[PDB]
Amino acid sequence: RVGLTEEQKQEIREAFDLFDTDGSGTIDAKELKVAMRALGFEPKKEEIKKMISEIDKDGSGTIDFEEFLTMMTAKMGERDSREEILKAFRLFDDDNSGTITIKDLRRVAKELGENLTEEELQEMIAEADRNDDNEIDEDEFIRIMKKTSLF
Amino acid sequence: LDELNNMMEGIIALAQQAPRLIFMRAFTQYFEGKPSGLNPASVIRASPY
Amino acid sequence: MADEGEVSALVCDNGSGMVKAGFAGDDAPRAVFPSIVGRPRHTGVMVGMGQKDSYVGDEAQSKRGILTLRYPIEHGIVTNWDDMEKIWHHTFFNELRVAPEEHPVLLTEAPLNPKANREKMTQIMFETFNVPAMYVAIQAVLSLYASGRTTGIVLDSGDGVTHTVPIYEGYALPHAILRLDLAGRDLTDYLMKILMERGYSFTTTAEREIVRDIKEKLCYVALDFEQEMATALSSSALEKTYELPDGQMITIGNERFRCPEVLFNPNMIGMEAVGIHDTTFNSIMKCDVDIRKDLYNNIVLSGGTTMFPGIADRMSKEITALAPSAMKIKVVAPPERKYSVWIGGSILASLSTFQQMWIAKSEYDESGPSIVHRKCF
Amino acid sequence: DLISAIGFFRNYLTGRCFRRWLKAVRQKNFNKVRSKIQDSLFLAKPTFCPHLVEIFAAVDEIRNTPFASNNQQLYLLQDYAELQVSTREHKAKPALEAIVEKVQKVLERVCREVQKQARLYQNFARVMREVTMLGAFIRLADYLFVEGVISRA
């Protein structure tokens with residue numbers, strides 16, 4: 001259950017607005033598919049139809065901001081999937097070397113609107129790494145993904 | 001004044017000569033004889049109030 | 001407890017200027033809010049502004065200017081208990097938003113607190129909110145609990161409270177604990193006043209908070225107050241001017257370190273109470289002489305006042321100048337030095353064996369609020 | 001294209017998974033701190049906590065001991081003498097002996113339990129630790145009691 005801060009509320013409000021200047025307002029299934037295409041999931045018809053059907057409080061289809069926001073709040077709190085996990089690890093890597101350093105973890109934190117400290121980075125390295133190399137390669141990263149997906 | 005002193009002396013004395021735990025047969029041997037700490041009348045009169 | 005096998009304790013850091021309420025097992029208290037009780041200034045002037053019994057916390061700071069901000073807790077000692085019942089009412093229904101009877105209550109008390117203070121919480125809490133169990137802990141004891149220690153002095157200092165609390169083998173010695181109202185509130189009030197000295201407007205509650213945060217970042221304690229007088233007067237490096245986006249370019253010279261030095265030279269603001277280093281030194285000397293070896297060598301800093309850069313060095317040297325040189329001085333200022341009260345409270349409440357120490361509802365109904373004495377330490 | 005470089009959509013899984021890693025490390029930090037202080041406290045030990053609560057309930061007799069006739073009665077010098085002596089001793093010395101007896105009984109029970117379990121001998125280290133800090137428990141209880149006596153006087 002991922003709650004939305006002010007940063008993400010503003011970003012999602014602007015994103016929902018990014019669909020309709022024509023005044024319709026009620027964004028659609030294909031536009032939500034475009035939203036998770038920007039999110040880099042594996043967007044197929046089943047996800048679109050099932051999620052919109054189960055979040056439509058009456059069967060609107062052309063989802064408004066309220067139920068759209070509720071649906072994406074449910075999606076964020078829901079379980080992740082491996083193909084976009086790998087795509088997002090490529091996002092993680094600044095050089096696509098498959099590794100994360102102390103400074104790489106710091107910049108990853110700051111990408112989120114979350115400014116952090118060094119002690120956090122050393123403790124992350126010591127915990128999730130097997131030789132404290134400041135290089136979180138593929139197997140270490142997938143290992144920490146298992147540990148943090150077994151919540 | 002001296003009888004007030006006598007009654008306060010009774011207060012302090014009966015707060016002081018209770019049989020302390022650190023004196024009995026089954027508890028001194030757990031430490032090395034007499035432990036260090038606080039004495040009833042000592043702290044009673046150390047509190048300036 | 002912390003999980004839901006036995007319901008998690010309502011861990012509430014009842015500070016002097018900031019109250020942190022939450023649940024055990026967590027590290028960040030879910031209800032972080034100041035220790036003020038805002039009440040409506042009037043009735044016929046704020047129609048539509050949400051008249052209530054009392055605004056609480058950030059809601060107490062919602063109308064931060066046009067509310068009768070009544071202080072329940074001043075320097076640790078709680079001045080009114082109808083405030084807490086309104087604090088609690090806004091806690092379990094507007095801050096934690098969970099029915100109080102669901103979970104036991106954990107409250108933090110300033111050391112050297114009179115008996116009627118604790119009993120009134122027990123009296124009010126059961127009659128209005130009717131929890132089935134709770135337990136009231138000490139602010140400094142939980143601060144040591146977050147620091148991972150159970151033996152040694154705790155210097156917990158919120159907004160106004162400051163208690164040097166020597167603890168041996170788990171017991172805080174009330175004969176030795178020294179009360180001190182000198183804390184960051186007085187220092188911020190000094191920084192409030194000494195910004196007049198450079199010609200910069202600071203008189204409102206909005207300016208009260210801006211200066212407070214400035215103190216928490218910039219006001220670093222002077223390790224040896226004499227040379228900072230020399231450097232600030234022989235150079236402009238300490239005569240720094242800090243920018244605020246509100247349109248007030250404020251200059252502080254020796255003013256920077258003068259604000260936090262009062263913890264060690266109280267006499268500049270007129271305060272004649274012994275400084276926190278002297279308060280620590282005198283307090284431990286009230287204990288047994290031998291246990292002072294690890295008491296002076298356990299100094300842990302906690303509370304809102306402890307958001308002070310460069311504090312550990314001044315703590316150790318001043319205590320070293322007071323305490324015997326051979327006797328060790330372990331001044332510790334962990335990053336939890338503001339959340340230590342709640343973190344340790346969550347840590348203590350998360351103990352599995354700690355799940356029979358709570359006072360049952362029937363126990364209060366029979367023995368009254370004095371049931372705390374039957375389960376105090 | 002408009003939604004391709006939005007900050008939150010670029011950061012969606014990066015932030016969510018990195019935050020999962022972050023919170024996992026925070027919670028294990030909390031776990032180790034909690035454990036390494038839990039093995040530093042009397043409350044954790046099941047041999048120590050319940051008898052400690054019993055001591056809490058039993059010591060409350062110190063508070064109810066008037067060491068003198070704390071009344072403004074119309075005494076004489078001698079009348080003051082006998083009534084103040086009576087309230088000094090006859091209604092206090094029994095309380096002293098009773099509290100001494102109950103404390104010695106409770107601590108003897110604790111010591112006998114731990115030492116007989118040691119003679120009978122994971123939990124082995126815990127029992128050995130309790131046997132070791134028997135003395136610390138006794139001393140702390142005694143200092144609590146002396147503090148109470150000082151406050152009462």
# chains A, B, ... in the order shown; residues from 1 in each chain; ligands from 1
$ closest_atom_pairs --of "region 30-84 of chain D" --to "region 3-6 of chain B" --cutoff "9 Å" --atoms "only C-alpha atoms" --output "Markdown table"
| residue | atom | partner | partner_atom | distance |
| --- | --- | --- | --- | --- |
| D:77 | CA | B:3 | CA | 7.1 |
| D:78 | CA | B:3 | CA | 8.8 |
| D:80 | CA | B:3 | CA | 7.7 |
| D:81 | CA | B:3 | CA | 6.9 |
$ write_last_selection --atoms "N, CA and C atoms" --output "CSV table (one decimal), in the first residue's frame"
chain,number,residue,atom,x,y,z
D,77,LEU,N,5.4,17.9,77.3
D,77,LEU,CA,6.7,17.4,77.0
D,77,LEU,C,6.7,15.8,77.1
D,78,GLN,N,6.2,15.3,78.3
D,78,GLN,CA,6.2,13.9,78.5
D,78,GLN,C,5.2,13.2,77.6
D,80,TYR,N,4.0,14.2,74.6
D,80,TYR,CA,4.7,14.2,73.4
D,80,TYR,C,5.7,13.0,73.3
D,81,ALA,N,6.5,12.9,74.4
D,81,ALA,CA,7.4,11.8,74.5
D,81,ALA,C,6.8,10.4,74.2
$ residues_around --residues "region 10-19 of chain A" --least-positions-apart "5" --cutoff "10 Å" --atoms "only C-alpha atoms" --output "ChimeraX atom specification"
/A:4-5,24-28,31-32,35,64-65,68-69,72 /D:2-3,6-9
$ closest_atom_pairs --of "chain C" --to "chain D" --cutoff "10 Å" --atoms "only C-alpha atoms" --output "Markdown table"
| residue | atom | partner | partner_atom | distance |
| --- | --- | --- | --- | --- |
| C:25 | CA | D:30 | CA | 8.0 |
| C:26 | CA | D:27 | CA | 8.1 |
| C:27 | CA | D:30 | CA | 7.4 |
| C:144 | CA | D:37 | CA | 9.5 |
| C:145 | CA | D:37 | CA | 7.0 |
| C:146 | CA | D:33 | CA | 7.7 |
| C:147 | CA | D:33 | CA | 8.1 |
| C:148 | CA | D:37 | CA | 4.8 |
| C:149 | CA | D:37 | CA | 6.2 |
| C:150 | CA | D:40 | CA | 6.6 |
| C:151 | CA | D:40 | CA | 8.9 |
| C:168 | CA | D:140 | CA | 8.0 |
| C:169 | CA | D:140 | CA | 6.8 |
| C:170 | CA | D:41 | CA | 7.0 |
| C:171 | CA | D:140 | CA | 7.4 |
| C:172 | CA | D:144 | CA | 9.7 |
| C:173 | CA | D:147 | CA | 8.3 |
| C:174 | CA | D:147 | CA | 8.4 |
| C:175 | CA | D:147 | CA | 7.7 |
| C:343 | CA | D:30 | CA | 8.9 |
| C:344 | CA | D:34 | CA | 8.5 |
| C:346 | CA | D:34 | CA | 9.2 |
| C:347 | CA | D:34 | CA | 5.6 |
| C:348 | CA | D:34 | CA | 7.9 |
| C:350 | CA | D:34 | CA | 8.1 |
| C:351 | CA | D:44 | CA | 7.0 |
| C:352 | CA | D:44 | CA | 7.7 |
| C:353 | CA | D:44 | CA | 5.5 |
| C:354 | CA | D:43 | CA | 6.6 |
| C:356 | CA | D:50 | CA | 8.5 |
| C:357 | CA | D:53 | CA | 7.5 |
| C:371 | CA | D:57 | CA | 8.9 |
| C:372 | CA | D:56 | CA | 9.6 |
| C:373 | CA | D:56 | CA | 7.2 |
| C:374 | CA | D:57 | CA | 4.4 |
| C:375 | CA | D:56 | CA | 5.6 |
| C:376 | CA | D:56 | CA | 6.5 |
| C:377 | CA | D:56 | CA | 7.1 |
$ closest_atom_pairs --of "chain A" --to "chain C" --cutoff "12 Å" --atoms "only C-alpha atoms" --output "CSV"
residue,atom,partner,partner_atom,distance
A:117,CA,C:335,CA,11.0
A:119,CA,C:335,CA,10.3
A:120,CA,C:335,CA,11.7
$ residues_around --residues "region 154-167 of chain C" --least-positions-apart "6" --cutoff "7 Å" --atoms "only C-alpha atoms" --output "VMD selection string"
chain C and resid 15 to 17 74 to 76 111 140 143 to 144 173 176 to 185 279 to 280 283 to 284 295 299 to 306
$ write_last_selection --atoms "N, CA, C and O atoms" --output "CSV table (one decimal), in the first residue's frame"
chain,number,residue,atom,x,y,z
C,15,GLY,N,6.7,15.1,24.6
C,15,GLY,CA,7.8,16.1,24.8
C,15,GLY,C,7.3,17.4,25.3
C,15,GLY,O,6.2,17.6,25.7
C,16,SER,N,8.3,18.4,25.3
C,16,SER,CA,8.0,19.7,25.8
C,16,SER,C,7.5,20.7,24.7
C,16,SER,O,6.7,21.5,25.0
C,17,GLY,N,7.9,20.5,23.5
C,17,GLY,CA,7.5,21.3,22.4
C,17,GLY,C,7.1,20.5,21.1
C,17,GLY,O,6.8,21.1,20.1
C,74,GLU,N,5.2,22.3,29.7
C,74,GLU,CA,6.2,23.3,29.7
C,74,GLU,C,7.4,22.8,30.4
C,74,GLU,O,7.4,22.5,31.6
C,75,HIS,N,8.6,22.6,29.7
C,75,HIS,CA,9.8,22.1,30.3
C,75,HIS,C,9.6,20.8,30.9
C,75,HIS,O,10.3,20.4,31.9
C,76,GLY,N,8.8,19.9,30.3
C,76,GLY,CA,8.6,18.6,30.7
C,76,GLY,C,7.4,18.4,31.6
C,76,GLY,O,6.7,17.4,31.5
C,111,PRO,N,11.4,13.2,33.9
C,111,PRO,CA,11.9,12.7,35.2
C,111,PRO,C,11.6,13.7,36.3
C,111,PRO,O,11.5,14.9,36.0
C,140,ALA,N,13.6,9.8,29.6
C,140,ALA,CA,15.0,9.6,29.5
C,140,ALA,C,15.3,8.1,29.4
C,140,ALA,O,16.3,7.7,28.8
C,143,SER,N,14.9,7.1,26.0
C,143,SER,CA,16.1,7.6,25.2
C,143,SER,C,17.3,6.7,25.3
C,143,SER,O,18.0,6.5,24.3
C,144,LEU,N,17.6,6.2,26.5
C,144,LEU,CA,18.6,5.2,26.6
C,144,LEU,C,18.2,3.9,25.9
C,144,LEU,O,19.1,3.2,25.4
C,173,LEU,N,18.0,7.1,39.3
C,173,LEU,CA,18.0,7.5,40.7
C,173,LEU,C,17.4,8.9,40.9
C,173,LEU,O,18.0,9.9,40.6
C,176,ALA,N,19.2,11.5,42.5
C,176,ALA,CA,20.3,12.0,41.7
C,176,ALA,C,19.9,12.7,40.5
C,176,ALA,O,20.6,13.6,40.0
C,177,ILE,N,18.7,12.4,39.9
C,177,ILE,CA,18.3,13.1,38.7
C,177,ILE,C,18.1,14.6,39.0
C,177,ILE,O,17.5,15.0,40.0
C,178,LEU,N,18.6,15.4,38.2
C,178,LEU,CA,18.6,16.9,38.3
C,178,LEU,C,17.7,17.5,37.3
C,178,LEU,O,17.9,17.2,36.1
C,179,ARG,N,16.7,18.2,37.7
C,179,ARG,CA,15.8,18.9,36.8
C,179,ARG,C,16.4,20.2,36.2
C,179,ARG,O,17.1,20.9,37.0
C,180,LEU,N,16.2,20.4,35.0
C,180,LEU,CA,16.7,21.6,34.3
C,180,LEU,C,15.7,22.1,33.3
C,180,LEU,O,15.5,21.4,32.3
C,181,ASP,N,15.2,23.3,33.4
C,181,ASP,CA,14.3,23.9,32.5
C,181,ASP,C,15.1,24.6,31.3
C,181,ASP,O,14.5,25.1,30.4
C,182,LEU,N,16.4,24.6,31.4
C,182,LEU,CA,17.2,25.2,30.3
C,182,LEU,C,17.3,24.3,29.2
C,182,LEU,O,17.9,23.2,29.3
C,183,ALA,N,16.8,24.6,28.0
C,183,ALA,CA,16.8,23.8,26.8
C,183,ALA,C,16.7,24.7,25.6
C,183,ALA,O,16.8,25.9,25.7
C,184,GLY,N,16.4,24.1,24.5
C,184,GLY,CA,16.4,24.8,23.2
C,184,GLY,C,15.3,25.9,23.1
C,184,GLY,O,15.5,26.8,22.3
C,185,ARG,N,14.2,25.8,23.9
C,185,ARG,CA,13.3,26.8,23.8
C,185,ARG,C,13.9,28.1,24.3
C,185,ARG,O,13.7,29.2,23.7
C,279,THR,N,24.9,20.4,35.3
C,279,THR,CA,23.8,19.6,35.8
C,279,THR,C,24.1,18.1,35.7
C,279,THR,O,23.7,17.3,36.6
C,280,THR,N,24.7,17.7,34.6
C,280,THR,CA,25.2,16.3,34.5
C,280,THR,C,26.2,15.9,35.6
C,280,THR,O,26.1,14.9,36.3
C,283,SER,N,24.6,15.9,39.1
C,283,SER,CA,23.6,14.8,39.3
C,283,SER,C,24.2,13.5,39.5
C,283,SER,O,23.8,12.7,40.4
C,284,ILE,N,25.3,13.1,38.8
C,284,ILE,CA,26.0,11.9,39.0
C,284,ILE,C,26.7,11.8,40.3
C,284,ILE,O,26.8,10.7,41.0
C,295,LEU,N,28.7,5.8,34.8
C,295,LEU,CA,27.6,6.8,34.6
C,295,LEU,C,28.2,8.0,33.8
C,295,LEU,O,27.6,8.4,32.8
C,299,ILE,N,27.2,9.0,28.7
C,299,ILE,CA,26.4,10.2,28.4
C,299,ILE,C,25.8,10.1,27.0
C,299,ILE,O,26.5,10.0,26.0
C,300,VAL,N,24.5,10.0,27.0
C,300,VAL,CA,23.7,9.9,25.8
C,300,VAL,C,22.8,11.2,25.7
C,300,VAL,O,22.1,11.5,26.7
C,301,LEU,N,22.8,11.8,24.5
C,301,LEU,CA,22.0,13.0,24.3
C,301,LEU,C,20.7,12.7,23.5
C,301,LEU,O,20.8,11.8,22.6
C,302,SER,N,19.6,13.3,23.9
C,302,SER,CA,18.3,13.0,23.3
C,302,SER,C,17.4,14.3,23.4
C,302,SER,O,17.7,15.1,24.3
C,303,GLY,N,16.4,14.3,22.6
C,303,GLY,CA,15.4,15.4,22.6
C,303,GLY,C,15.6,16.4,21.5
C,303,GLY,O,16.5,16.4,20.7
C,304,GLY,N,14.6,17.3,21.4
C,304,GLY,CA,14.6,18.3,20.4
C,304,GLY,C,15.7,19.2,20.4
C,304,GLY,O,16.2,19.7,19.4
C,305,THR,N,16.2,19.6,21.7
C,305,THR,CA,17.3,20.5,21.8
C,305,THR,C,18.6,19.9,21.2
C,305,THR,O,19.4,20.7,20.7
C,306,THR,N,18.7,18.6,21.1
C,306,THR,CA,19.9,17.9,20.7
C,306,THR,C,20.1,18.0,19.2
C,306,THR,O,21.0,17.3,18.7
$ atom_distance --atom1 "CA of residue 128 (chain A)" --atom2 "CA of residue 147 (chain A)"
9.4 Å
$ closest_atom_pairs --of "region 24-129 of chain D" --to "region 16-20 of chain B" --cutoff "10 Å" --atoms "only C-alpha atoms" --output "JSON lines"
{"residue": "D:93", "atom": "CA", "partner": "B:18", "partner_atom": "CA", "distance": 8.0}
{"residue": "D:95", "atom": "CA", "partner": "B:18", "partner_atom": "CA", "distance": 9.8}
{"residue": "D:96", "atom": "CA", "partner": "B:18", "partner_atom": "CA", "distance": 6.1}
{"residue": "D:97", "atom": "CA", "partner": "B:18", "partner_atom": "CA", "distance": 7.5}
{"residue": "D:99", "atom": "CA", "partner": "B:18", "partner_atom": "CA", "distance": 9.7}
{"residue": "D:100", "atom": "CA", "partner": "B:19", "partner_atom": "CA", "distance": 6.9}
{"residue": "D:101", "atom": "CA", "partner": "B:19", "partner_atom": "CA", "distance": 9.6}
{"residue": "D:104", "atom": "CA", "partner": "B:20", "partner_atom": "CA", "distance": 9.8}
$ write_last_selection --atoms "N, CA and C atoms" --output "mmCIF file, in the first residue's frame"
data_model
loop_
_atom_site.group_PDB
_atom_site.id
_atom_site.type_symbol
_atom_site.label_atom_id
_atom_site.label_comp_id
_atom_site.auth_asym_id
_atom_site.auth_seq_id
_atom_site.Cartn_x
_atom_site.Cartn_y
_atom_site.Cartn_z
ATOM 1 N N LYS D 93 8.337 -0.598 63.310
ATOM 2 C CA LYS D 93 9.269 -1.727 63.350
ATOM 3 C C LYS D 93 8.660 -3.007 62.781
ATOM 4 N N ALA D 95 6.617 -3.108 60.321
ATOM 5 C CA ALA D 95 6.694 -2.924 58.874
ATOM 6 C C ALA D 95 8.107 -3.171 58.357
ATOM 7 N N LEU D 96 9.122 -2.683 59.079
ATOM 8 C CA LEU D 96 10.509 -2.967 58.715
ATOM 9 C C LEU D 96 10.770 -4.467 58.653
ATOM 10 N N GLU D 97 10.402 -5.190 59.714
ATOM 11 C CA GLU D 97 10.678 -6.622 59.730
ATOM 12 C C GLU D 97 9.886 -7.356 58.656
ATOM 13 N N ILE D 99 8.842 -6.165 55.667
ATOM 14 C CA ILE D 99 9.403 -5.932 54.340
ATOM 15 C C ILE D 99 10.732 -6.664 54.190
ATOM 16 N N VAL D 100 11.549 -6.688 55.247
ATOM 17 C CA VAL D 100 12.805 -7.434 55.185
ATOM 18 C C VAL D 100 12.531 -8.912 54.935
ATOM 19 N N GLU D 101 11.562 -9.479 55.659
ATOM 20 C CA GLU D 101 11.242 -10.894 55.503
ATOM 21 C C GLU D 101 10.740 -11.198 54.096
ATOM 22 N N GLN D 104 13.675 -10.883 51.544
ATOM 23 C CA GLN D 104 14.613 -11.995 51.635
ATOM 24 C C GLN D 104 13.984 -13.271 51.096
#
$ atom_distance --atom1 "CA of residue 114 (chain D)" --atom2 "CA of residue 23 (chain B)"
21.6 Å
$ residues_around --residues "residue 112 (chain A)" --least-positions-apart "5" --cutoff "12 Å" --atoms "only C-alpha atoms" --output "number ranges by chain"
A: 5, 7-8, 11, 92, 105-107; D: 6-19
$ write_last_selection --atoms "N, CA, C and O atoms" --output "JSON list (two decimals), in the first residue's frame"
[["chain", "number", "residue", "atom", "x", "y", "z"],
["A", 5, "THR", "N", 2.52, 11.08, -1.64],
["A", 5, "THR", "CA", 2.92, 12.34, -1.04],
["A", 5, "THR", "C", 2.48, 13.51, -1.93],
["A", 5, "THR", "O", 1.81, 13.32, -2.95],
["A", 7, "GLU", "N", 4.49, 15.42, -3.71],
["A", 7, "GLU", "CA", 5.24, 15.32, -4.96],
["A", 7, "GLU", "C", 4.52, 14.43, -5.96],
["A", 7, "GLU", "O", 4.22, 14.84, -7.10],
["A", 8, "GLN", "N", 4.19, 13.21, -5.54],
["A", 8, "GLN", "CA", 3.54, 12.26, -6.43],
["A", 8, "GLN", "C", 2.11, 12.66, -6.74],
["A", 8, "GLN", "O", 1.63, 12.42, -7.85],
["A", 11, "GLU", "N", 2.44, 15.18, -9.48],
["A", 11, "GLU", "CA", 2.87, 14.57, -10.73],
["A", 11, "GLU", "C", 1.74, 13.78, -11.38],
["A", 11, "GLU", "O", 1.50, 13.89, -12.58],
["A", 92, "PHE", "N", 17.96, 1.87, -12.91],
["A", 92, "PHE", "CA", 18.80, 2.07, -11.73],
["A", 92, "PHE", "C", 20.22, 2.41, -12.14],
["A", 92, "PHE", "O", 20.82, 3.38, -11.65],
["A", 105, "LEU", "N", 23.92, 4.79, -5.29],
["A", 105, "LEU", "CA", 22.76, 4.66, -4.42],
["A", 105, "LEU", "C", 22.28, 6.02, -3.94],
["A", 105, "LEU", "O", 21.07, 6.26, -3.83],
["A", 106, "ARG", "N", 23.21, 6.93, -3.66],
["A", 106, "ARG", "CA", 22.83, 8.28, -3.24],
["A", 106, "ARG", "C", 22.05, 9.00, -4.34],
["A", 106, "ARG", "O", 21.01, 9.62, -4.08],
["A", 107, "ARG", "N", 22.54, 8.93, -5.59],
["A", 107, "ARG", "CA", 21.84, 9.58, -6.69],
["A", 107, "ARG", "C", 20.51, 8.89, -6.98],
["A", 107, "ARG", "O", 19.54, 9.55, -7.37],
["D", 6, "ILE", "N", 8.39, 12.35, -17.13],
["D", 6, "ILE", "CA", 7.86, 12.78, -15.84],
["D", 6, "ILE", "C", 8.66, 12.12, -14.74],
["D", 6, "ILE", "O", 9.03, 10.94, -14.83],
["D", 7, "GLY", "N", 8.97, 12.89, -13.69],
["D", 7, "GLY", "CA", 9.87, 12.40, -12.66],
["D", 7, "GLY", "C", 9.37, 11.14, -11.98],
["D", 7, "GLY", "O", 10.12, 10.17, -11.83],
["D", 8, "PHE", "N", 8.10, 11.13, -11.59],
["D", 8, "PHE", "CA", 7.58, 9.98, -10.86],
["D", 8, "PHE", "C", 7.49, 8.76, -11.76],
["D", 8, "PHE", "O", 7.70, 7.63, -11.30],
["D", 9, "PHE", "N", 7.16, 8.94, -13.03],
["D", 9, "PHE", "CA", 7.07, 7.79, -13.92],
["D", 9, "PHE", "C", 8.44, 7.25, -14.29],
["D", 9, "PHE", "O", 8.59, 6.04, -14.52],
["D", 10, "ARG", "N", 9.45, 8.12, -14.37],
["D", 10, "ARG", "CA", 10.82, 7.63, -14.49],
["D", 10, "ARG", "C", 11.24, 6.90, -13.22],
["D", 10, "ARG", "O", 11.98, 5.91, -13.28],
["D", 11, "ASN", "N", 10.77, 7.36, -12.07],
["D", 11, "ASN", "CA", 11.20, 6.84, -10.78],
["D", 11, "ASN", "C", 10.30, 5.75, -10.23],
["D", 11, "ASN", "O", 10.54, 5.31, -9.10],
["D", 12, "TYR", "N", 9.29, 5.29, -10.96],
["D", 12, "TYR", "CA", 8.28, 4.39, -10.40],
["D", 12, "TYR", "C", 8.87, 3.17, -9.71],
["D", 12, "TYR", "O", 8.90, 3.09, -8.48],
["D", 13, "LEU", "N", 9.42, 2.24, -10.49],
["D", 13, "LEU", "CA", 9.95, 1.04, -9.86],
["D", 13, "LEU", "C", 11.30, 1.28, -9.20],
["D", 13, "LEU", "O", 11.61, 0.63, -8.21],
["D", 14, "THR", "N", 12.11, 2.20, -9.74],
["D", 14, "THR", "CA", 13.37, 2.52, -9.08],
["D", 14, "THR", "C", 13.11, 2.92, -7.63],
["D", 14, "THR", "O", 13.67, 2.33, -6.70],
["D", 15, "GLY", "N", 12.22, 3.88, -7.42],
["D", 15, "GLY", "CA", 11.89, 4.31, -6.08],
["D", 15, "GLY", "C", 11.22, 3.23, -5.26],
["D", 15, "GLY", "O", 11.57, 3.02, -4.10],
["D", 16, "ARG", "N", 10.25, 2.52, -5.85],
["D", 16, "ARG", "CA", 9.53, 1.53, -5.05],
["D", 16, "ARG", "C", 10.46, 0.41, -4.58],
["D", 16, "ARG", "O", 10.47, 0.06, -3.39],
["D", 17, "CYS", "N", 11.29, -0.13, -5.48],
["D", 17, "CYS", "CA", 12.17, -1.23, -5.09],
["D", 17, "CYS", "C", 13.33, -0.74, -4.22],
["D", 17, "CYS", "O", 13.69, -1.42, -3.24],
["D", 18, "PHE", "N", 13.91, 0.41, -4.54],
["D", 18, "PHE", "CA", 14.97, 0.95, -3.70],
["D", 18, "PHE", "C", 14.45, 1.29, -2.31],
["D", 18, "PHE", "O", 15.16, 1.14, -1.32],
["D", 19, "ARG", "N", 13.20, 1.74, -2.22],
["D", 19, "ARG", "CA", 12.59, 2.01, -0.92],
["D", 19, "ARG", "C", 12.28, 0.73, -0.18],
["D", 19, "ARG", "O", 12.34, 0.69, 1.05]]
